[PDB]
Amino acid sequence: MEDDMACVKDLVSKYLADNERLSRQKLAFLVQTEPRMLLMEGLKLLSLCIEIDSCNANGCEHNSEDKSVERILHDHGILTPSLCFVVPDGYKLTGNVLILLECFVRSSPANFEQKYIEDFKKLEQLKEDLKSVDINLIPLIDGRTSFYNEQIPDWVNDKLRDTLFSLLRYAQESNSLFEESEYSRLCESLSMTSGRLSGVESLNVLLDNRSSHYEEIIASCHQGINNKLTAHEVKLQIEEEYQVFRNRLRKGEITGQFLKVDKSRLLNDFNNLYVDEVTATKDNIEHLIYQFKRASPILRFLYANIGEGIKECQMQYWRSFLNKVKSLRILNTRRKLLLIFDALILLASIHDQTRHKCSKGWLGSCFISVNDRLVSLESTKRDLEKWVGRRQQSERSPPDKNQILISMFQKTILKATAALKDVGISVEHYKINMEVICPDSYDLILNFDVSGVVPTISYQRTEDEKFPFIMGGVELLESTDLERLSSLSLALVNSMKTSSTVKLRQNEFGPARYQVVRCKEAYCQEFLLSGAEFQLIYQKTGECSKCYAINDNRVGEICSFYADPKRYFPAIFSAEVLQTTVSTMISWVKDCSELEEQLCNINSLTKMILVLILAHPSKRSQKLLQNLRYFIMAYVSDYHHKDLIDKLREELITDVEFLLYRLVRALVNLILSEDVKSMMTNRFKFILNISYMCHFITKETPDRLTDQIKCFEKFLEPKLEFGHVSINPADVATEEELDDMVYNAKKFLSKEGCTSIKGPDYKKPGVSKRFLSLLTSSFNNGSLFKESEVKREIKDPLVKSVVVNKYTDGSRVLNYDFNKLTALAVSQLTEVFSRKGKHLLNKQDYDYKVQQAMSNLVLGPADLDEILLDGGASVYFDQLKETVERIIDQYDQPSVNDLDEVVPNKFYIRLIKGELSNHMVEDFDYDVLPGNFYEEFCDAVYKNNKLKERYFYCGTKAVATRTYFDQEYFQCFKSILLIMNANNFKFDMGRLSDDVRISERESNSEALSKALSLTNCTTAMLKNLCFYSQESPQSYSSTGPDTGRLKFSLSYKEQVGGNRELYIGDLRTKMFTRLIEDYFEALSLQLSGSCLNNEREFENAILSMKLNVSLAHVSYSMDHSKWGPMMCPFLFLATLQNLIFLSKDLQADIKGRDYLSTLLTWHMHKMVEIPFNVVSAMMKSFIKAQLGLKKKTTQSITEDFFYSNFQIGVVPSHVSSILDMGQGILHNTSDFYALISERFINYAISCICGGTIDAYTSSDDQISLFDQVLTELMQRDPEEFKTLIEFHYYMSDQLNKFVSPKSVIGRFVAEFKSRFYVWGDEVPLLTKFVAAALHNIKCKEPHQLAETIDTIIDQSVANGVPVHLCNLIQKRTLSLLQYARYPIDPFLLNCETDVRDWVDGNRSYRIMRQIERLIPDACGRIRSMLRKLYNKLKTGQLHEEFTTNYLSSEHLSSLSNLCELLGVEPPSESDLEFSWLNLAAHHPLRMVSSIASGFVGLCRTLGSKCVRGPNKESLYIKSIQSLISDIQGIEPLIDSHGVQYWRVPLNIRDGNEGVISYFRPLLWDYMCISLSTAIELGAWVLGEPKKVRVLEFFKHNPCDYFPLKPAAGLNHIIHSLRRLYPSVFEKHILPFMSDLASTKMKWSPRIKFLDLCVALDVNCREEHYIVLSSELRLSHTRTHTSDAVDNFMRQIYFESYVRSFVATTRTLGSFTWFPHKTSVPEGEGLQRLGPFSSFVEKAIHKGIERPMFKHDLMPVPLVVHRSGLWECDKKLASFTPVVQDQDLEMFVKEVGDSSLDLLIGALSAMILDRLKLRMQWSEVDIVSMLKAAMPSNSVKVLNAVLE
RNA sequence: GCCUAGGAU
RNA sequence: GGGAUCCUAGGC
Ligand SMILES: [Zn+2]
């Protein structure tokens, strides 16, 4: 700790500015050794610096020797009788007036004003005495709120502050030095404030340690470049390059890379694109539609022809009851559970049959028994026979099988009921019959014969003949297929609620167990199409791809397939949507005369496409549709890339895709049809929207492993050609790695072009020195700016999951073990063999025997091994055997298992474990267990000393120890759990599966806590958690800080098409990157053109675009490939080290540049990790290929790259190359680079030709808007235009920026960020928004999905979607919700919306509309009543007799009280009876990824106790339904769409408060919602609704639009917050963004409306819309800075009268009403400043802190007197704004509270000095104002003022 | 492979 | 990716 004081003493000796006035305390601090002495001297030094800086900035000389005002005056030559001893911190005299000063620091507005008022009273108590010598005193006060002075570098400042606080943090010393008051004041003074600068300059508190490796890098980055070239010079180089390029090109030495377009060739190649197996020339629609319906199982089932055709049985009740019993894990699943449970349902069906001849619940020999299981009957009889036989033998080794069977039945049923009756309710709802069990049944069982069909499931494919129906019977134009598909998809989705059961029959014995299988069956689901039923059958549960089978009763097993439950979602219940989609889509192109005939064919084709998408959803069918957009984009263009068509040829596997290809090719050939020309825009829209029919599938991933391998290959494969791949770089970098790094850094800049015997070689990384020098020089010469930059010099730019590492020692592991991994792989392989491999290969194959040997090796139960030796593989096993043998030979803190030591009946424990496995501890149920059990458990735990001290404290155990004695057992049980932290292999597998990892993961905040808790300032700030904290390093090498290097990790982010990469960091990597990110973004913010962060740029982009397509100017829409993995931080550093910013200052520039150099140098050395499963799978491939068990495909380069390093020893773990930039990490710097480079390139092209170009960017995309000249030239000299484009390609390639083959050039479209535009018409996107809105449901409260879908629909409607679609979607969602039977309240969603209900409505306005529609003739007067009420209130007549009198008050008859307080008749007596059931009127509903799983979770959660009691309990929803159904005065009511709302009588409104506690009346909610919305929106929403019939039909062309705008002081809000709720205000706005502790507000206008609005609220963009003017008719319409400147003026004027204050840069700015350099133009309120205009400009709006002199109006300072400005005994000028009644009211309120003579004198003086200027007072009153202000004594004050 | 009793899912 | 039984003891 001594080193701390040492180094800080060194700093304060060095960096302290030379001034002898600091020397004294300097000495006093540089000599002490006692801690307390050092703290005192340091704090005194800091306060001295503060007061010095203050007295300098104000203009008062520093009282150094600490004189006294008596002495201060008497040594100045005046007489002073006697004073009280006061010590000033500075003073000054001017003639007969005096100026004092006093300053301090306080960081809390509560403890701020105290010092202010104390100093003011201490000064006035001396002014009163001073007044009698004819001398004026002016008591200045200053209130700085930070110790950040100006004579001291700030990093030294806080480096001193924190070490002082630490030395002060001696516990014993702090205690035995002072009390808690001053301790608390001091600790919050060294608060480690975030300061005013960036947060990286703190680097200067650490060593350099930059010995040798850091030099040559900078040299190379600075060696060849020449960043000084003049402006004119660059023209020469540019011209020479252009000339040599054109010359060497025209002679045909380089390619052309660009082709002109022709529709013929494009169509021809698009047709013959896949021409190797689509043996077709032309296409007939008829044969197509014919062979479609007979394609594949689902299709052949849909369009088929089937189905030309309540009992309260005794098979359901039993089943429901047994299901419920099974749910709770009561019974021990042991040697034979489910068999008896099957026998019981067998007897149930037997009994039920012979009474009413039921025909249900049966397929051949099958019956859905318990958990959707479909058992046979024969094997049941056999196993029952065998069971009773061996049981009789056990009785032998008397009774008959009947007797023992009924005995078991009686025993199990009795145990069942006995367990149930502990807590569970009984037969009361379970209406069962104990006659089912006959006194003899086993015989009756053995005499049951049913005949029928047999069930089968066929795995392998078949032929198209086992289908016993007639294929083509349905028709396209009808909508049966969609409903069949909906039903089937729902039957699929529902296949997840099954729980993993325990099978009964292995069902097969032999390798045919994957061939057609039928002995028994397994689980099954039920669904109805129109008439009869159908069973859907599967075998194993979960959510993994498997087989299925569709069984029926009249025939067996219509088909079978290979689907997967998820990914089939977005079709359920949505049938009348898709049809409407297709219809409105067709509706566009239906007027093309040249297409009149075969139009119906188009219809069929469109429909067919959609059904195909829905029937066979698969990965590689998405990209085919997506890529289509680029083709159509190319069609309308002019020039396209040379190598385009070879992109749309990815990969196809099975047939269906080729069917889709043929269909779409036919449709394109028919739509395009070169001999038709009429409607181009509509066909454009049609095809384009057809291309977006890809989102309909899903966004998820098909697999995991082969999804990770792809991304890993994408990562690695391009970093190998360049020839630089390091491996396992240790934290201490050896020399060879540094050497290779230098060599590669040199190689990177070795690019060349157009001057060589080889010419340019595209598609290879690197930058050439010529172009880089040209760029840098042309940038430094200011040849890339405009007036918005030359006039504004660039100010200094300095003013999810996270990985947790492992640890074995000081070091950190970085390499997996070899032999451990070998053992792991072997084990896994043995598992794979044991599960499936053993049932596929023959026993006389060598591979089978090998696997057998390796399995009996690894677990417990040579001529073959000799042949193995002859098969080469000899030594591999010889070593591996002993290796893994030795690996396998090598292998009281309170916990959860201890429960088994207390609770003997385990069933309770299983209950508890389930409940915890569902809900948190905080919301555990009270009634899961018997009430006595809690007390008995608490007793049995408090007895046993062990667990007692393990959870009780004898001296969080405190809260439990205390509560147990007080006998609140439930809180005790919950607490003991909150401590419990519940929230044949011969070795241990899990330990191995954990040892051979390296990195683990954690959430965002779980680590932020564990960080912030281990430091002083518990306010999370950037530069506090890595610089000044425990566990941080001291110095740093050229590689990284002494903690280590910058790790990372890999994963994938999924989208449509392919998947992008995802880097993940640790805490430190994030913390350090964030600084560079913020820096570069702040820097880019000054320059115009970027569009990644801003908003008001993107709209300018859109406006420029829309403007471009009116004159046919040639747009150029680009893109960029491999942007991520082909950028390098070396390039950023190199272009930075040559950047020269503002040239006025000298050093801080290079300081920042060096800091950034160090940061980038750290970043260049990252150590990317490699995932685990990738390594496991590749090792598996290796160990296979070694023996070559199953020869796979020919290995790519990655497998060899691995195996090479693998069969030498080392297993590759980390790779640290140079070539790759982070993918998504270093965004802002990449955008900066792209912007600068693009501007330079456009500059060059301007230099060559005679035109201009405008561009933009987000991260890699771009546009280019050719000027008029470059457009109009293109039509005469195509050669020159093409060569310009080519030279652009070349140049832009030289700077390491490529162009993807999908860019285009055109005159008819313009693309940006996927937002297309055309002339005249506009292009919507229907399919995208529809497919988005179809699946956006998760497992939240059903009151949130409402606003979710409402937001989605509001966003969509703005883009030309027609509203009918939206209503259909809303109805679909409501039906999906009703499927779970959640009783729909009134306001859940408004399924009636219109076109006015979005463009001018909120989320709730539509609620008001549905209510208005529901129950009229009541609101028809409530509206007028609220209208009168609001009209009266808006002018503030009562303004309080409603909020604090009615709103909070009990809504009992308050309405009638309003109606009598306003004079309108109250409602009827049969009005209050309306209400609406609200679940969760006490506490929100308790709750217990993907989408399907989310939906099944939401479907499950409802049932299981979604109800909280009065205090805390649990119930159901059916319960409350019954308990309402009891009371015979409660009448429900429904609407057409379905909206429950009730009628309950006021006569029993009380007297039965049991269930009625939930209900809530409707008109109350209507009133309050209406008032709130009206206050918020425009008050026009309280007219009278109406429907119009004033229109005749007009021929509505399908494309016609009409843009629209929606129909709509923060300082005052903040004022009211600080005036009403101070505690909430200080802790939520000041630390967020504010510093206004030293600010006054005692003179500010007030508003009553806003005040009461805020009191209620605390008590209780969307630019344009684009719609069709063919809809705008059928609707309804309803019937109805200068301020701030004048506020500051009146504030100053009012303060001028209360006292006298000096006018300086700190007095004025200290107020609140002031334009503190906000968004204000040059001249806005400068006319309303009088004598203060120039000061704001010349002084305030430049950063100049000085006092006011006489030269500031056109050497004594100025004094603000009453109204007019005064110098020493003379007036120069004045100013006086206008006053109002309310301002005077607030004035006389706040001033005339305690004293009187002050108000009288002030008013008299104001009247006097305002009369002598002859202004007029006739505009206001006096007497009534006084009365309204002083309600009891206005007479005497009237007399006083008027006298 | 079976019966009884229990434990774990 | 596509069929769930494991341990200990007692009588066998
Ligand atoms: Zn029946």
# chains A, B, ... in the order shown; residues from 1 in each chain; ligands from 1
>>> residues_around(residues="residue 7 of chain C", least_positions_apart="2", cutoff="12 Å", atoms="only C-alpha atoms (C1' of nucleotides)", output="number ranges by chain")
A: 984; B: 6-8; C: 5, 9
>>> write_last_selection(atoms="N, CA, C and O atoms (P, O5', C5', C4', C3', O3' and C1' of nucleotides)", output="PDB file, in the first residue's frame")
ATOM      1  N   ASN A 984     -24.604 -49.982 -17.312  1.00  0.00           N
ATOM      2  CA  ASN A 984     -23.509 -50.786 -16.785  1.00  0.00           C
ATOM      3  C   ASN A 984     -22.160 -50.254 -17.255  1.00  0.00           C
ATOM      4  O   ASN A 984     -21.385 -50.972 -17.888  1.00  0.00           O
TER       5      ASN A 984
ATOM      6  P     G B   6     -44.240 -51.354  -2.392  1.00  0.00           P
ATOM      7  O5'   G B   6     -42.853 -50.570  -2.313  1.00  0.00           O
ATOM      8  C5'   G B   6     -42.435 -49.959  -1.101  1.00  0.00           C
ATOM      9  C4'   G B   6     -40.947 -49.701  -1.062  1.00  0.00           C
ATOM     10  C3'   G B   6     -40.423 -48.660  -2.038  1.00  0.00           C
ATOM     11  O3'   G B   6     -40.632 -47.338  -1.568  1.00  0.00           O
ATOM     12  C1'   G B   6     -39.002 -50.567  -2.032  1.00  0.00           C
ATOM     13  P     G B   7     -40.684 -46.088  -2.583  1.00  0.00           P
ATOM     14  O5'   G B   7     -39.197 -45.927  -3.136  1.00  0.00           O
ATOM     15  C5'   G B   7     -38.122 -45.615  -2.259  1.00  0.00           C
ATOM     16  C4'   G B   7     -36.801 -45.563  -2.988  1.00  0.00           C
ATOM     17  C3'   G B   7     -36.783 -44.804  -4.302  1.00  0.00           C
ATOM     18  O3'   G B   7     -36.781 -43.397  -4.136  1.00  0.00           O
ATOM     19  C1'   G B   7     -35.616 -46.832  -4.556  1.00  0.00           C
ATOM     20  P     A B   8     -37.708 -42.469  -5.064  1.00  0.00           P
ATOM     21  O5'   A B   8     -36.777 -42.112  -6.307  1.00  0.00           O
ATOM     22  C5'   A B   8     -35.409 -41.775  -6.122  1.00  0.00           C
ATOM     23  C4'   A B   8     -34.589 -42.100  -7.346  1.00  0.00           C
ATOM     24  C3'   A B   8     -35.159 -41.634  -8.675  1.00  0.00           C
ATOM     25  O3'   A B   8     -34.931 -40.260  -8.931  1.00  0.00           O
ATOM     26  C1'   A B   8     -34.471 -43.874  -8.874  1.00  0.00           C
TER      27        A B   8
ATOM     28  P     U C   5     -37.473 -51.435 -22.590  1.00  0.00           P
ATOM     29  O5'   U C   5     -36.327 -52.428 -22.098  1.00  0.00           O
ATOM     30  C5'   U C   5     -36.173 -52.739 -20.722  1.00  0.00           C
ATOM     31  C4'   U C   5     -35.460 -51.637 -19.980  1.00  0.00           C
ATOM     32  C3'   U C   5     -34.844 -52.021 -18.647  1.00  0.00           C
ATOM     33  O3'   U C   5     -33.616 -52.720 -18.778  1.00  0.00           O
ATOM     34  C1'   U C   5     -35.995 -49.967 -18.431  1.00  0.00           C
ATOM     35  P     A C   9     -27.481 -57.919  -3.876  1.00  0.00           P
ATOM     36  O5'   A C   9     -28.545 -58.372  -2.779  1.00  0.00           O
ATOM     37  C5'   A C   9     -28.375 -58.029  -1.411  1.00  0.00           C
ATOM     38  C4'   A C   9     -29.672 -58.133  -0.647  1.00  0.00           C
ATOM     39  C3'   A C   9     -30.405 -59.462  -0.754  1.00  0.00           C
ATOM     40  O3'   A C   9     -29.899 -60.435   0.143  1.00  0.00           O
ATOM     41  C1'   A C   9     -31.929 -57.673  -1.081  1.00  0.00           C
TER      42        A C   9
END
>>> residues_near_ligand(ligand="ligand 1", cutoff="10 Å", atoms="only C-alpha atoms (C1' of nucleotides) and all ligand atoms", output="PyMOL selection string")
chain A and resi 310-316+349+352-353+355-361
>>> atom_distance(atom1="atom CA of residue 971 of chain A", atom2="atom CA of residue 951 of chain A")
13.5 Å
>>> residues_around(residues="segment 1308-1323 of chain A", least_positions_apart="2", cutoff="8 Å", atoms="only C-alpha atoms (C1' of nucleotides)", output="ChimeraX atom specification")
/A:636-637,681,685,1105-1106,1109-1110,1112,1115-1117,1261-1263,1306,1325,1599-1600
>>> write_last_selection(atoms="N, CA, C and O atoms", output="PDB file, in the first residue's frame")
ATOM      1  N   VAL A 636     -35.298  -6.631 -65.629  1.00  0.00           N
ATOM      2  CA  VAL A 636     -35.659  -5.240 -65.896  1.00  0.00           C
ATOM      3  C   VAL A 636     -34.452  -4.322 -65.972  1.00  0.00           C
ATOM      4  O   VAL A 636     -34.613  -3.129 -66.259  1.00  0.00           O
ATOM      5  N   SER A 637     -33.251  -4.837 -65.726  1.00  0.00           N
ATOM      6  CA  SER A 637     -32.058  -4.005 -65.649  1.00  0.00           C
ATOM      7  C   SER A 637     -31.552  -3.684 -67.054  1.00  0.00           C
ATOM      8  O   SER A 637     -32.236  -3.903 -68.058  1.00  0.00           O
ATOM      9  N   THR A 681     -45.735  -3.095 -64.683  1.00  0.00           N
ATOM     10  CA  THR A 681     -45.647  -2.898 -63.238  1.00  0.00           C
ATOM     11  C   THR A 681     -46.374  -4.004 -62.486  1.00  0.00           C
ATOM     12  O   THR A 681     -45.863  -4.539 -61.492  1.00  0.00           O
ATOM     13  N   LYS A 685     -44.755  -6.687 -59.830  1.00  0.00           N
ATOM     14  CA  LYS A 685     -45.229  -6.930 -58.470  1.00  0.00           C
ATOM     15  C   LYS A 685     -45.586  -8.398 -58.270  1.00  0.00           C
ATOM     16  O   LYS A 685     -45.248  -8.997 -57.243  1.00  0.00           O
ATOM     17  N   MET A1105     -34.140   8.694 -53.402  1.00  0.00           N
ATOM     18  CA  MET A1105     -34.517   7.586 -54.274  1.00  0.00           C
ATOM     19  C   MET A1105     -35.809   7.901 -55.020  1.00  0.00           C
ATOM     20  O   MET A1105     -35.848   7.893 -56.256  1.00  0.00           O
ATOM     21  N   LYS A1106     -36.889   8.151 -54.271  1.00  0.00           N
ATOM     22  CA  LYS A1106     -38.180   8.482 -54.871  1.00  0.00           C
ATOM     23  C   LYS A1106     -38.057   9.602 -55.896  1.00  0.00           C
ATOM     24  O   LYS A1106     -38.734   9.585 -56.930  1.00  0.00           O
ATOM     25  N   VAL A1109     -36.329   8.365 -59.514  1.00  0.00           N
ATOM     26  CA  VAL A1109     -37.127   7.709 -60.540  1.00  0.00           C
ATOM     27  C   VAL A1109     -38.290   8.631 -60.882  1.00  0.00           C
ATOM     28  O   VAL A1109     -39.440   8.388 -60.502  1.00  0.00           O
ATOM     29  N   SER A1110     -37.972   9.717 -61.583  1.00  0.00           N
ATOM     30  CA  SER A1110     -38.935  10.528 -62.310  1.00  0.00           C
ATOM     31  C   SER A1110     -38.368  11.057 -63.615  1.00  0.00           C
ATOM     32  O   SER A1110     -39.138  11.530 -64.456  1.00  0.00           O
ATOM     33  N   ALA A1112     -35.680   9.183 -65.275  1.00  0.00           N
ATOM     34  CA  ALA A1112     -34.908   8.065 -65.811  1.00  0.00           C
ATOM     35  C   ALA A1112     -33.405   8.354 -65.767  1.00  0.00           C
ATOM     36  O   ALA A1112     -32.725   8.476 -66.785  1.00  0.00           O
ATOM     37  N   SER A1115     -29.798   4.365 -62.085  1.00  0.00           N
ATOM     38  CA  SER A1115     -29.436   3.909 -60.750  1.00  0.00           C
ATOM     39  C   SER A1115     -28.466   2.733 -60.824  1.00  0.00           C
ATOM     40  O   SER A1115     -28.445   1.976 -61.801  1.00  0.00           O
ATOM     41  N   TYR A1116     -27.672   2.569 -59.763  1.00  0.00           N
ATOM     42  CA  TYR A1116     -26.691   1.489 -59.672  1.00  0.00           C
ATOM     43  C   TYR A1116     -26.797   0.885 -58.280  1.00  0.00           C
ATOM     44  O   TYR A1116     -26.399   1.519 -57.296  1.00  0.00           O
ATOM     45  N   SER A1117     -27.352  -0.329 -58.189  1.00  0.00           N
ATOM     46  CA  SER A1117     -27.566  -0.999 -56.909  1.00  0.00           C
ATOM     47  C   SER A1117     -26.528  -2.101 -56.720  1.00  0.00           C
ATOM     48  O   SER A1117     -26.531  -3.098 -57.449  1.00  0.00           O
ATOM     49  N   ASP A1261     -24.052  -2.879 -47.883  1.00  0.00           N
ATOM     50  CA  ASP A1261     -24.849  -2.532 -49.048  1.00  0.00           C
ATOM     51  C   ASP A1261     -24.543  -1.090 -49.451  1.00  0.00           C
ATOM     52  O   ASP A1261     -23.799  -0.372 -48.776  1.00  0.00           O
ATOM     53  N   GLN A1262     -25.146  -0.647 -50.551  1.00  0.00           N
ATOM     54  CA  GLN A1262     -24.823   0.661 -51.103  1.00  0.00           C
ATOM     55  C   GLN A1262     -25.764   0.935 -52.267  1.00  0.00           C
ATOM     56  O   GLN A1262     -26.369   0.019 -52.831  1.00  0.00           O
ATOM     57  N   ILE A1263     -25.878   2.215 -52.614  1.00  0.00           N
ATOM     58  CA  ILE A1263     -26.537   2.669 -53.828  1.00  0.00           C
ATOM     59  C   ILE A1263     -25.596   3.637 -54.537  1.00  0.00           C
ATOM     60  O   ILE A1263     -24.582   4.067 -53.986  1.00  0.00           O
ATOM     61  N   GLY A1306     -29.666   0.049 -63.656  1.00  0.00           N
ATOM     62  CA  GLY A1306     -30.965   0.119 -64.295  1.00  0.00           C
ATOM     63  C   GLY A1306     -31.505   1.525 -64.418  1.00  0.00           C
ATOM     64  O   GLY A1306     -30.886   2.501 -63.992  1.00  0.00           O
ATOM     65  N   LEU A1325     -45.424  -5.250 -50.195  1.00  0.00           N
ATOM     66  CA  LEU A1325     -44.896  -6.596 -49.955  1.00  0.00           C
ATOM     67  C   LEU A1325     -45.914  -7.348 -49.100  1.00  0.00           C
ATOM     68  O   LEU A1325     -45.858  -7.312 -47.870  1.00  0.00           O
ATOM     69  N   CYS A1599     -54.591  -1.089 -58.672  1.00  0.00           N
ATOM     70  CA  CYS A1599     -53.438  -0.357 -58.159  1.00  0.00           C
ATOM     71  C   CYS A1599     -53.784   1.128 -58.116  1.00  0.00           C
ATOM     72  O   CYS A1599     -53.819   1.793 -59.157  1.00  0.00           O
ATOM     73  N   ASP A1600     -54.031   1.640 -56.910  1.00  0.00           N
ATOM     74  CA  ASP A1600     -54.287   3.059 -56.702  1.00  0.00           C
ATOM     75  C   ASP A1600     -54.170   3.399 -55.221  1.00  0.00           C
ATOM     76  O   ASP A1600     -54.836   2.777 -54.387  1.00  0.00           O
TER      77      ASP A1600
END
>>> closest_residue(among="A:908, A:245, A:985, A:762", to="chain C", atoms="only C-alpha atoms (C1' of nucleotides)")
A:985
>>> select_by_dssp(residues="segment 1335-1508 of chain A", states="helix (DSSP H, G or I)", output="compact mmCIF listing (two decimals) with C-alpha atoms, in the first residue's frame")
# COMPACT_ATOMS: atom_id res chain seq x y z
CA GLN A 1344 -49.49 -9.48 -24.36
CA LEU A 1345 -49.86 -11.43 -27.61
CA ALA A 1346 -52.81 -9.08 -28.12
CA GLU A 1347 -50.69 -5.93 -28.31
CA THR A 1348 -47.99 -7.90 -30.15
CA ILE A 1349 -50.28 -8.82 -33.05
CA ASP A 1350 -51.88 -5.37 -32.91
CA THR A 1351 -48.45 -3.76 -33.38
CA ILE A 1352 -47.62 -6.15 -36.23
CA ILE A 1353 -50.91 -5.40 -38.00
CA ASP A 1354 -50.51 -1.65 -37.49
CA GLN A 1355 -47.05 -1.86 -39.06
CA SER A 1356 -48.33 -3.93 -41.99
CA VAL A 1357 -51.45 -1.89 -42.85
CA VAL A 1363 -57.88 -4.56 -44.17
CA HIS A 1364 -60.12 -7.57 -44.90
CA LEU A 1365 -56.97 -9.69 -44.70
CA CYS A 1366 -56.24 -8.15 -41.30
CA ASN A 1367 -59.72 -8.98 -39.97
CA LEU A 1368 -59.31 -12.55 -41.23
CA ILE A 1369 -55.94 -12.84 -39.46
CA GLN A 1370 -57.42 -11.41 -36.26
CA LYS A 1371 -60.28 -13.92 -36.37
CA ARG A 1372 -57.75 -16.71 -36.98
CA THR A 1373 -55.77 -15.65 -33.91
CA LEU A 1374 -58.93 -15.45 -31.80
CA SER A 1375 -59.89 -18.97 -32.89
CA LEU A 1376 -56.39 -20.27 -32.13
CA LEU A 1377 -56.88 -18.78 -28.67
CA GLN A 1378 -60.38 -20.22 -28.22
CA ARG A 1396 -59.96 4.70 -39.98
CA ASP A 1397 -59.24 2.47 -36.96
CA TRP A 1398 -55.46 2.34 -37.58
CA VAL A 1399 -54.26 5.56 -39.25
CA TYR A 1405 -59.38 3.30 -29.26
CA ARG A 1406 -60.50 0.13 -31.08
CA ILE A 1407 -61.56 -1.27 -27.69
CA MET A 1408 -63.84 1.73 -27.23
CA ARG A 1409 -65.18 1.02 -30.71
CA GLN A 1410 -66.04 -2.62 -30.01
CA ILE A 1411 -67.78 -1.54 -26.79
CA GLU A 1412 -69.74 1.19 -28.60
CA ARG A 1413 -70.82 -1.50 -31.07
CA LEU A 1414 -71.77 -3.97 -28.32
CA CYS A 1419 -73.17 5.23 -24.07
CA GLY A 1420 -75.42 7.51 -26.18
CA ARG A 1421 -75.63 9.85 -23.17
CA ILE A 1422 -72.45 8.90 -21.32
CA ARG A 1423 -70.56 10.41 -24.27
CA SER A 1424 -72.30 13.78 -23.90
CA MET A 1425 -71.85 13.69 -20.12
CA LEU A 1426 -68.11 13.09 -20.45
CA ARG A 1427 -68.07 15.78 -23.15
CA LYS A 1428 -69.52 18.38 -20.77
CA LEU A 1429 -67.22 17.16 -17.98
CA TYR A 1430 -64.06 17.47 -20.08
CA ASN A 1431 -65.15 20.85 -21.48
CA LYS A 1432 -65.68 22.19 -17.96
CA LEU A 1433 -62.41 20.67 -16.72
CA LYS A 1434 -60.20 21.89 -19.58
CA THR A 1443 -59.11 12.82 -8.93
CA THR A 1444 -58.66 13.01 -5.14
CA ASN A 1445 -62.43 12.60 -4.63
CA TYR A 1446 -63.74 10.02 -7.12
CA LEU A 1447 -61.00 8.14 -9.00
CA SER A 1454 -69.52 8.25 -8.22
CA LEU A 1455 -70.99 8.30 -11.74
CA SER A 1456 -74.37 9.55 -10.51
CA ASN A 1457 -72.52 12.08 -8.35
CA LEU A 1458 -70.87 13.42 -11.50
CA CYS A 1459 -74.20 13.50 -13.34
CA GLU A 1460 -75.74 15.56 -10.53
CA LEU A 1461 -72.63 17.76 -10.23
CA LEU A 1462 -73.10 18.57 -13.94
CA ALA A 1492 -44.33 -25.17 -31.62
CA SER A 1493 -42.93 -25.98 -28.17
CA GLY A 1494 -44.04 -22.50 -27.11
CA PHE A 1495 -47.58 -23.15 -28.31
CA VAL A 1496 -47.85 -26.53 -26.60
CA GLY A 1497 -46.48 -24.91 -23.44
CA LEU A 1498 -49.13 -22.21 -23.62
CA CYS A 1499 -51.77 -24.89 -24.22
CA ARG A 1500 -50.57 -26.76 -21.13
CA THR A 1501 -50.01 -23.93 -18.63
